[PDB]
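Everything below concerns the one structure shown next.
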Amino acid sequence: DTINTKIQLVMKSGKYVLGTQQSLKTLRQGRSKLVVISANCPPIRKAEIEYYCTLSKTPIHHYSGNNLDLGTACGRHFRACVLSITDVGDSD
Amino acid sequence: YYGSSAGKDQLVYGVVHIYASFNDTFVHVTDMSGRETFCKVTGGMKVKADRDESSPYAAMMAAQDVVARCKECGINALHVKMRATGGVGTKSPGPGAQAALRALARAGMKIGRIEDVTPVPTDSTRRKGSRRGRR
Amino acid sequence: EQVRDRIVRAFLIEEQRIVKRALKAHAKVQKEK
Amino acid sequence: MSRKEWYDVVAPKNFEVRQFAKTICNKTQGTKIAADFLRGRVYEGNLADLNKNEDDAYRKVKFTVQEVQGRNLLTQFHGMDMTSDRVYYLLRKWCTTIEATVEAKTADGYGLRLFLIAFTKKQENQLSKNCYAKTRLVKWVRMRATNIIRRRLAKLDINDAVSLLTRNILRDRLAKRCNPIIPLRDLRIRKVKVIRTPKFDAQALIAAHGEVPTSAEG
Amino acid sequence: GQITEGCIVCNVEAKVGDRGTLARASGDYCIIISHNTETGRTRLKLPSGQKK
Amino acid sequence: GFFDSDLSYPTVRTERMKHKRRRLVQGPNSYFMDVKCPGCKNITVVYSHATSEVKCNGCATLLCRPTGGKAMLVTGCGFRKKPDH
Amino acid sequence: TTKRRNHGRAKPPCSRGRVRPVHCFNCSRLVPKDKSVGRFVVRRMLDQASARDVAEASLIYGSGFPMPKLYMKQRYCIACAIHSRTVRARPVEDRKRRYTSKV
Amino acid sequence: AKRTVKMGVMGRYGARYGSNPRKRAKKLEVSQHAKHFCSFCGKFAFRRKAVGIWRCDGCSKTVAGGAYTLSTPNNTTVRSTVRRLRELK
RNA sequence: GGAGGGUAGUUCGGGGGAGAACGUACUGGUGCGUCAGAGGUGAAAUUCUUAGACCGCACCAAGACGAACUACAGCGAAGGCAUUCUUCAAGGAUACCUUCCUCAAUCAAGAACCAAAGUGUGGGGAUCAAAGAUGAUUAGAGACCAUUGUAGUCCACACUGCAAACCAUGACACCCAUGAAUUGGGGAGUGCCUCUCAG
Ligand SMILES: [K+]
Ligand SMILES: [K+]
Ligand SMILES: [K+]
Ligand SMILES: [K+]
Ligand SMILES: [K+]
Ligand SMILES: [K+]
Ligand SMILES: [K+]
Ligand SMILES: [K+]
Ligand SMILES: [K+]
Ligand SMILES: [Mg+2]
Ligand SMILES: [Mg+2]
Ligand SMILES: [Mg+2]
Ligand SMILES: [Mg+2]
Ligand SMILES: [Mg+2]
Ligand SMILES: [Mg+2]
Ligand SMILES: [Mg+2]
Ligand SMILES: [Mg+2]
Ligand SMILES: [Mg+2]
Ligand SMILES: [Mg+2]
Ligand code: NA
Ligand code: NA
């Protein structure tokens with residue numbers, strides 16, 4: 001996937017947070033550049049994240065895989081429901 | 001008089017189905033739709049030998065009988081449809097196919113639009129005999 | 001936890017109804033003109 | 001037999017010869033009305049006989065009886081075929097045979113299935129022995145033909161679509177537009193089936209037949 | 001009448017208002033064969049193989 | 001036809017047909033060329049085969065189209081071959 | 001002793017593994033498609049004597065319109081091709097003539 | 001296979017009931033006590049609780065499944081058919 | 001002019017896995033028509049038939065199979081692979097002034113796949129048809145021929161691991177005379193030509 005290559009580039013040369021609690025903190029502080037949401041996210045939690053992104057003028061990407069796939073893409077051995085990129089060091 | 005109100009010079013068309021297998025021959029006259037059979041004479045109605053039912057002679061006798069009976073109903077011409085056994089079968093016409101057609105022409109009928117209508121599968125079931133065939 | 005779920009559910013779902021009602025009305029007016 | 005009565009079969013008005021057959025049926029006795037026995041029959045005629053030295057001598061058209069008007073049976077198009085010995089005459093070895101099946105709908109609400117056949121051609125300059133085609137070009141020919149047929153038939157009533165099929169107007173359009181893809185030869189419409197019909201508008205049948213010739217029966 | 005032909009169904013009513021009488025045991029279902037808009041009747045295939 | 005051919009110094013006729021890597025000494029088949037798009041004042045160096053995508057530096061327009069084999073230039077532009085070395 | 005170099009079929013090594021079998025035209029025995037003997041037959045529906053009589057009685061074929069023919073592709077097992085004299089045993093050194101086309 | 005060569009979980013039955021009835025019941029016994037993947041939360045946490053009832057330890061969801069396995073092959077075919085027929089309108 | 005990886009023609013092909021449809025045919029039903037035989041053989045007889053068989057036309061259901069085109073043609077490690085459309089992941093050849101720098105060849109032990117028949121559990125059951133039953137032929141006929149007929153033949157999931165599983169020819173590398181053909185990629189006069197088209 002082309003998004004997987006961009007994600008791998010961010011992990012190499014960027015800053016990010018994994019998880020709902022840390023991502024929402026970045027949105028409140030206005031330091032987030034892009035938010036990636038997995039296909040597993042429950043409907044009520046996804047709607048809350050999209051509202052924060054609308055207020056912050058933050059683009060949203062909808063991942064095709066579930067949280068198990070999103071964690072694997074980031075090289076982790078756990079699940080990540082949502083990911084927030086605070087620094088697009090090289091990618092776009 | 002029974003058949004049709006038309007001039008004597010006019011042509012009234014029927015359809016004759018000729019089924020010439022290797023064991024019998026059928027001569028079957030209908031109208032332009034397949035319903036409403038007019039005559040049906042087979043080669044086994046004209047012999048007694050049980051092995052000459054497919055002969056050219058038995059086919060000729062059946063064709064002459066049909067022409068005589070249909071000549072009163074005002075039928076002057078016929079379209080021709082010929083067939084062999086077909087689907088899983090010989091696919092080649094039997095001995096009485098030519099005799100029946102020629103006998104119709106000589107007896108005085110008119111012919112038009114001959115055509116062969118053998119049933120042909122575009123992929124079939126298995127045929128009789130083993131994989132070694134008939135021995 | 002369950003009180004927070006109801007409050008968020010009440011506010012967010014009502015917002016979607018307001019947004020989609022406006023979109024339907026505006027599209028009808030735009031189409032008619 | 002003594003119970004039979006004779007009738008006449010009439011084709012629609014987009015045909016030169018209107019009365020092309022005669023038939024028999026039983027007298028109406030008791031609960032048998034003899035018009036219920038006639039309202040579903042299929043009659044076949046030769047296109048060369050109906051329409052007047054072309055390919056038409058090898059084409060057959062079927063008509064289905066819809067109404068009984070006195071001693072005339074009024075009919076509508078039901079199908080079309082090509083006769084088996086004509087197809088075998090166009091087949092050759094060392095060529096690719098291209099076949100297509102198309103589903104189309106007219107404006108009245110008729111559903112049609114059309115079967116096409118075409119063969120590759122060798123060109124006058126050629127010295128090789130094959131004339132075969134790449135499967136990418138075969139797939140392209142099939143789709144371009146499908147689009148042309150569907151778009152042309154989608155804005156026509158049944159009578160105009162039938163005139164298109166039996167007068168070789170669509171055939172020439174397909175041959176001209178498919179030649180640039182691959183050389184091709186002998187493109188034909190092999191068979192047409194009517195797989196769906198509308199709900200018997202009686203006013204439609206009147207307009208299709210126009211002026212009905214009389215009969216001299218009974 | 002609003003279910004497309006060839007669809008798998010369960011809890012079918014045999015009479016309007018019966019609240020479900022056919023295909024109620026484990027792993028069972030019915031198949032919709034055809035509709036008849038002239039008479040308003042639907043044909044099904046029952047788990048036992050019969051048609052109703 | 002009376003000429004005697006040796007393997008150390010092959011004639012021009014027989015060498016021009018050989019596959020690369022089948023010559024006496026293998027070598028490339030490709031070259032470079034200066035391509036001038038209509039206008040834009042700029043000159044770009046383009047590979048003959050150039051499977052990748054190529055955009056002019058100024059107008060940000062594609063110059064060549066990939067192809068199994070040699071690349072094909074867009075209709076307007078005309079090229080000019082460069083010397084081997 | 002290898003009688004033939006192609007072993008009686010048209011399947012070189014390193015080309016195929018299996019060819020689908022067909023039924024013999026006559027005995028209905030299953031034979032691979034490349035091994036069988038195949039002929040394309042075009043035969044008239046009526047001979048010369050009968051065609052003259054039928055043409056005279058008809059208005060369609062009465063003036064220079066061809067009568068229909070029968071087209072069939074026949075495939076034979078080896079035994080039924082020999083018995084029906086479609087092919088014959090040939091001398092060694094004559095078994096190599098090929099006859100690429102029907103003439 | 002240190003404790004038992006081939007009996008597996010059926011080793012609790014001793015030398016009773018026959019080898020082939022035991023083999024047939026072993027396949028359904030293993031999957032009935034296994035942990036199945038949960039699509040709602042992405043965990044292997046689905047466990048059976050009475051025939052046809054499956055509960056996830058992670059998200060605490062209950063699903064109606066099939067007897068001895070979470071999803072039956074007939075169910076997978078049905079979901080695809082219904083999705084295609086819905087998209088057809 | 002050893003191996004691996006990359007980019008491109010969205011290249012090439014009955015290569016593989018999933019869906020949705022299509023085509024006639026065999027068998028069985030339904031509705032009309034007709035009236036005395038039909039089937040089968042070297043010749044017949046078991047079979048069907050005025051309680052309407054066989055034949056003709058129009059439909060319906062179900063299971064299998066994709067004719068002709070089809071070849072000293074293509075694809076696959078072998079076994080194998082043939083209707084169309086939509087999809088999923090692969091594989092080879094070619095092109096390259098791309099990358100890397102011996103990563104290789106062949107093999108006891110070990111592993112995976114493997115026509116048909118056969119086995120287990122669920123489906124399905126049109127055709128053909130081991131066992132079996134009738135009729136013939138024969139000195140006899142348990143056989144060949146005829147009418148039937150169960151398991152099988154088809155699908156899913158587990159087994160089995162054998163073929164004239166053959167090119168009766170183990171794998172890798174080098175040299176080696178000619179002339180016509182053929183399949184795929186690349187380089188350098190003629191016909192069609194309003195978009196899977198600078199084709
Ligand atoms: K046998
Ligand atoms: K055999
Ligand atoms: K041969
Ligand atoms: K490569
Ligand atoms: K009857
Ligand atoms: K298939
Ligand atoms: K038998
Ligand atoms: K062996
Ligand atoms: K090739
Ligand atoms: Mg055998
Ligand atoms: Mg060629
Ligand atoms: Mg090969
Ligand atoms: Mg083999
Ligand atoms: Mg039938
Ligand atoms: Mg085919
Ligand atoms: Mg088997
Ligand atoms: Mg079995
Ligand atoms: Mg079974
Ligand atoms: Mg049988
Ligand atoms: Na062999
Ligand atoms: Na061996």
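To find a chain, count down the sequence lines: A is the first, B the second, and so on, and within it residues start at 1. As a basis for the values below, the full set of heavy atoms in this structure was taken, side chains included, without hydrogen atoms, waters or symmetry mates.
- Distance check on atom P: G149(I) versus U84(I) gives 37 Å, rounded to whole Å.
- An anti base is found at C48(I): its glycosidic angle is more than 90° from 0.
- Between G124(I) and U153(I) there is no base pair of the Watson-Crick or G-U wobble kind with both of its two distances under 3.5 Å.
- Contact between the side-chain N/O atoms of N26(D) and the OP1/OP2 oxygens of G33(I) is found at a separation under 4.0 Å.
- Between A68(I) and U10(I), the two key atom distances do not both fall under 3.5 Å in a Watson-Crick or G-U wobble layout, so no such pair is counted.
- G79(I) and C193(I) are not base-paired, meeting neither the Watson-Crick nor the G-U wobble geometry with both donor-acceptor distances under 3.5 Å.
- For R16(G) and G80(I), a side-chain-to-base donor-acceptor distance below 3.5 Å is absent, hydrogens and geometry of angles not being considered.
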Worked verdict on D116(B) versus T118(B) for side chain to side chain donor-acceptor pair (under 3.5 Å) = CA-CA 6 Å; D116(B) 171 312; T118(B) 310; 2.7 Å; yes

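- Checked by distance alone, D50(B) brings a side-chain donor or acceptor within 3.5 Å of a matching partner on the base of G40(I).
- For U49(I), the ring torsion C1'-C2'-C3'-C4' comes out positive, which puts the sugar in the north group.
- For the neighbouring bases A105(I) and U106(I), a stacking contact is recorded, both ring-centre distance under 5.5 Å and ring-plane angle under 30° holding.
- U47(I) and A38(I) are base-paired, meeting the Watson-Crick or G-U wobble geometry with both donor-acceptor distances under 3.5 Å.
- Nucleotides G125(I) and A61(I) are separated by 14 Å at their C1' atoms, to the nearest Å.
- Looking only at atom types and distance, the side chain of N130(D) has no donor-acceptor partner in the side chain of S128(D) under 3.5 Å away.
- Nearest-nucleotide positions on RNA chain I for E103(D) and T30(B) put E103(D) closer to the 5' end.
- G4(I) and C193(I): their P atoms are spaced 49 Å apart (whole Å).
- Side-chain nitrogen and oxygen atoms of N23(B) include at least one within less than 4.0 Å of the OP1 or OP2 phosphate oxygen of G40(I).
- Phosphate contact (OP1/OP2 of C166(I), side-chain N/O of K11(G), threshold under 4.0 Å): absent.
- Taken as a pair, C157(I) and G120(I) qualify: Watson-Crick (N1-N3 plus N6-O4 or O6-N4) or G-U wobble (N1-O2 and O6-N3), both under 3.5 Å.
- For RNA chain I, no neighbouring residue in residues 31-41 of chain D is found when judged by any heavy atom under 4.0 Å.
- One finds a side-chain N or O of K62(D) lying less than 4.0 angstrom from the OP1 or OP2 phosphate oxygen of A58(I).
- An OP1 or OP2 oxygen of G40(I) is reached within less than 4.0 angstrom by no side-chain nitrogen or oxygen of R134(B).
- Taken as a pair, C101(I) and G185(I) do not qualify under the rule of Watson-Crick (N1-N3 plus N6-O4 or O6-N4) or G-U wobble (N1-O2 and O6-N3), both under 3.5 Å.
- Side-chain nitrogen and oxygen atoms of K193(D) include none within less than 4.0 Å of the OP1 or OP2 phosphate oxygen of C22(I).
- Residue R98(G) places none of its side-chain N or O atoms closer than 4.0 Å to OP1 or OP2 of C72(I).
- Side-chain to base pairing of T37(B) with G33(I): one donor and one acceptor N or O lie within less than 3.5 Å of each other.
- Look at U106(I): its glycosidic torsion is beyond 90° from 0, and that puts it in the anti range.
- Judged by the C1'-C2'-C3'-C4' torsion, the sugar of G66(I) sits on the south side, since the angle is negative.
- A side-chain donor from one of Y47(F) and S30(F) sits under 3.5 Å from a side-chain acceptor of the other.
- OP1 or OP2 of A68(I) has not a single side-chain nitrogen or oxygen of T97(D) nearer than 4.0 Å.
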Stepwise side-chain contact (heavy atoms from CB on, under 4.5 Å) test for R75(G) and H23(G) | CA-CA 8 Å; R75(G) 291 192 200 271; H23(G) 281 274; over 6 Å; no

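- Not one side-chain nitrogen or oxygen of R43(E) sits closer than 4.0 Å to the OP1 or OP2 atom of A61(I).
- Of all heavy-atom pairs between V42(D) and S33(B), the closest is O-CB, 3.3 Å.
- Judged by the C1'-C2'-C3'-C4' torsion, which is positive here, the sugar of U11(I) sits on the north, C3'-endo side.
- The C1'-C2'-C3'-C4' torsion of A164(I) is negative, so its sugar falls on the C2'-endo, or south, side.
- Atom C1' of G91(I) sits at a distance of 22 Å from the matching atom of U86(I), rounded to the whole Å.
- Here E115(B) pairs with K60(D) in a salt bridge; the nearest charged N to carboxylate O distance falls below 4.0 Å.
- Here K129(D) does not reach the OP1 or OP2 of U182(I): none of its side-chain N or O atoms lies under 4.0 Å away.
- Using atom P as the reference point in both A38(I) and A45(I), the two lie 14 Å apart (nearest Å).
- Nucleotide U34(I) is annotated as unpaired relative to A181(I) [Watson-Crick or G-U wobble, both distances under 3.5 Å].
- Neither side chain, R9(G) nor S36(G), offers a donor N or O lying under 3.5 Å from an acceptor on the other.
- At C144(I), none of the side-chain N or O atoms of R132(B) fall inside 4.0 Å of OP1 or OP2 (strictly under the cut-off).
- Taken as a pair, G132(I) and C22(I) do not qualify under the rule of Watson-Crick (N1-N3 plus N6-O4 or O6-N4) or G-U wobble (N1-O2 and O6-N3), both under 3.5 Å.
- Between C192(I) and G40(I) there is no Watson-Crick or G-U wobble pairing whose two distances both come in under 3.5 Å.
- Side-chain contact of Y43(D) with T23(D): a donor-acceptor pair under 3.5 Å is present, judged by distance alone.
- Taking 4.0 angstrom as the limit, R83(B) places a side-chain polar atom (N or O) nearer than this to OP1 or OP2 of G56(I).
- For the consecutive pair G110(I)/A111(I), the pyrimidine-type rings sit with centres less than 5.5 Å apart and planes less than 30° apart, qualifying as a stack.
- Sugar conformation, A51(I): south. The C1'-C2'-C3'-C4' torsion carries a negative sign.
- Bases of consecutive nucleotides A51(I) and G52(I) are unstacked, their six-membered rings not being centred less than 5.5 Å apart at a plane angle below 30°.
- Summary of the strand contacts: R18(G) and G27(F) both lie near RNA chain I, and taking for each the nucleotide with the nearest heavy atom, the more 5' one is attributed to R18(G).
- When the shell of 6.0 Å around CZ of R5(G) is examined, it contains 12 or fewer heavy atoms from other residues, nucleotides or ligands.
- Relative orientation of the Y88(D) and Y71(G) rings is tilted, given thresholds of 30° and 60° on the angle between their planes.
- Base contact: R144(D) has a heavy atom under 4.0 Å from a base atom.
- Among the atoms of the strands shown, base atoms are found under 4.0 Å from some heavy atom of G17(G).
- The gap from the P atom of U27(I) to that of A115(I) amounts to 33 Å, rounded to the nearest Å.
- Using a 4.0 Å cut-off, some side-chain N or O of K20(F) falls inside it from OP1 or OP2 of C97(I).
- Pairing check for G179(I) against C103(I): the Watson-Crick or wobble criterion is not satisfied at the 3.5 Å limit.
- In this model, a donor atom of one side chain and an acceptor atom of the other lie less than 3.5 Å apart for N26(D) and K4(D).
- The phosphate of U10(I) (OP1 or OP2) has no side-chain N or O of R136(D) nearer than 4.0 angstrom.
- Taking atom P in both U106(I) and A173(I), one finds a spacing of 8 Å when rounded to whole Å.
- Stacking between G132(I) and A133(I) holds, as the six-membered ring centres sit under 5.5 Å apart and the ring planes differ by under 30°.
- Nucleotides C144(I) and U41(I), compared at atom P, are 16 Å apart to the nearest Å.
- Stacking of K81(F) on the aromatic ring of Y31(F) is recorded, both the 6.0 Å distance cut-off and the 45° axial limit being met.
- For the neighbouring bases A58(I) and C59(I), a stacking contact is recorded, both ring-centre distance under 5.5 Å and ring-plane angle under 30° holding.
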